[PDB]
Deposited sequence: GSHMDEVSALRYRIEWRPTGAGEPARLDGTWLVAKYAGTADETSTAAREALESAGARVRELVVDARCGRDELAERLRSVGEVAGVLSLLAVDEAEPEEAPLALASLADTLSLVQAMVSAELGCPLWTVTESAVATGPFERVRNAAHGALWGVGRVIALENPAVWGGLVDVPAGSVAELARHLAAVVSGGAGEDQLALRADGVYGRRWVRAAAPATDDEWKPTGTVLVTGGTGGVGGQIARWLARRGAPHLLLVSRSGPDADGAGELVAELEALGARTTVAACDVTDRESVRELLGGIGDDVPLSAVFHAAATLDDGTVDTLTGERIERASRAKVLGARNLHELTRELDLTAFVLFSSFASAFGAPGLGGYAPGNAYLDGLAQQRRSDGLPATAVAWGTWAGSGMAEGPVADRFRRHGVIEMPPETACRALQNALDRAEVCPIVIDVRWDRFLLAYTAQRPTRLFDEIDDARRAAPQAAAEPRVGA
């Protein structure tokens, strides 16, 4: 009935001159294993070593030398750390983007394959190693649709195993399957898949970030009409937000003793002193991390630097609110992802990376034994997208759909009204996909 039709999920169903883009002193083991498997199907391997945060202009000129090239594999995201900093700094994100941009500049007309190490986890037995490499998958999905010519696809591999590469890769790069989102494992090879889904109550205080703005504003007043005791709405503007006055009044009406606080979810301190400010009498029971990112444009120009900087509220807010609730017993920890991480549409390159992180963090939370929820939203309330298949969901329709998603206590539920007839043809117009097969 109504909601069921717009509820989906990711599964992983089983189905089956080159350059190697690699960092100096990184992947070595996986680069030699890649080279062996590649020439074993008749193709000269030559290494393309990359500098940390490469200038696309200098890389363009190093590709205008090597001569005719039939393809290029990337081990940038292989054997990588995350030096105790911002999750979407990740050199390999900044450099996949400046690599792709530079190939297109150097006019190779050959595609690019990015491999990642346990970025995906094919069902709830495997773990997500580093949620950031998920960003590679998001952005990579929206590069496909903006420039088919240059994007081969993504291929996830167990943390530190060259073995799965060695047999399959030959196939994956030349295979006529039309699989571009693959996961290699010991128990065979798996493909990324979109499928439809099968058929809670708030307590103490429940905190919502973005709570003074729209979306968070609807979550705030949904949470009250669903009978919440106490609501802590936070945002950079807090009480000084336009209509924050008429908001508390509107849901103080609906039996909710709510408070509106200024807070920079990006700053470890600003939230610590927000969490230490909730009365002992009314403890913190659930969070709804709805803080937004706003970065439009195309993958033409978009850089790792722009993504990282424009996504902090959503991303650092997640990593902060996770960090500072890990040792507290709370009901729901609800991250707001979107259809940009789910399938990814032209001009959502600025949104995909951030929501990919949120997707990964929930997975690796319920993995570690914590109550996470990574809702991949479609469009919401008040022309170019209404035509291309995706149509707006009313606030209440979306919220009620969340109500069940928590009842089930699913980790990564997709929630989106999609008129499929137009959407498929609009999504495949320029590049064939095998993702929506099972509908």
(request) Mind pulling out the bits of the deposited sequence that never got modelled, as residue ranges from 1? (result) 1-4, 21-29, 213-218, 402-410, 468-485
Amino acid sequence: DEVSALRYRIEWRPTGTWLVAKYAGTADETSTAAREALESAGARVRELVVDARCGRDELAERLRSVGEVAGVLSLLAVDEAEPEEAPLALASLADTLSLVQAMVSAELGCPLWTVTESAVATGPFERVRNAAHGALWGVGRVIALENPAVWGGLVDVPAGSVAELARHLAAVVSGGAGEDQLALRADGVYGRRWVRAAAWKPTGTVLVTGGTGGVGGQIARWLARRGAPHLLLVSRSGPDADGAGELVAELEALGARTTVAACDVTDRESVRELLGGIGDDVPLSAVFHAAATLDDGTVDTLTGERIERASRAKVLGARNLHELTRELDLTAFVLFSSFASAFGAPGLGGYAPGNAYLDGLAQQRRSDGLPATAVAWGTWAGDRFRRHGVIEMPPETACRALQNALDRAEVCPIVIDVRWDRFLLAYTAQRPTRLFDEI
From here on, numbers count along this sequence of modelled residues.
(message) Which is higher on mean Cα B factor in this entry, 57-65 or 383-391?
(response) 383-391
(request) For the higher mean C-alpha B factor in the entry, choose 99-107 or 308-316. (result) 99-107
(message) Looking at the C-alpha B-factor values in the deposited entry, which of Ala94, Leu361, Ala291, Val162 comes out highest?
(response) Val162
(request) Quick one: which of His322, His133, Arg141, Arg257 shows the highest Cα temperature factor in the PDB entry? (result) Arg257
(request) Please rank the C-alpha B-factors of the chain's modelled residues and tell me whether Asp267 sits in the lowest, middle or highest third. (result) lowest
(request) Please place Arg236 in the lowest, middle or highest third of its chain by C-alpha B factor as given in the entry. (result) lowest
(request) Sort the modelled residues of this chain by their C-alpha B factor and say whether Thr203 lands in the lowest, middle or highest third. (result) highest
(message) Ranking every modelled residue in this chain by its Cα temperature factor as given in the entry, which third contains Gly123?
(response) middle
(message) How does the C-alpha B factor of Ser174 compare with the rest of the chain: lowest, middle or highest third?
(response) highest
